[PDB]
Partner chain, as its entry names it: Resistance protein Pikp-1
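Below, in structure tokens: the form deposited without the partner chain, a single chain.
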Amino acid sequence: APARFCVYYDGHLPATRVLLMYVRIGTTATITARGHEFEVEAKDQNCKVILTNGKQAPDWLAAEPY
């Protein structure tokens, strides 16, 4: 029973990337980026850019593990 966590970032090269915020895999919350609100869902280590508003993240949206 290791530690599982999901992270969210914004479209930006690793040269000047910028972390948005950490999302604990315990409840459903919303993220604020580019004056927009992205409501993602965390179920486990397997996290994928998706919204609960019947829509999918943009082309400049991503989500790394941990």
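Positions refer to the first chain, counted from 1.
The next section is about a form of this same protein that is not shown, the form deposited with the partner chain bound.
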Quiz item: Could you tell me if residue 5 has a non-hydrogen atom within 4.5 Å of the partner chain in the bound PDB entry?
Solution: yes
Exercise. May I ask you to check whether residue 24 falls inside a 4.5 Å heavy atom distance of the partner chain in the bound PDB entry?
Key: yes
Quiz item: Taking 4.5 angstroms as the cut-off for heavy atoms, does residue 50 touch the partner chain in the bound PDB entry?
Solution: no
Quiz item: Contact between residue 57 and the partner chain in the bound PDB entry at 4.5 Å, heavy atoms?
Solution: no
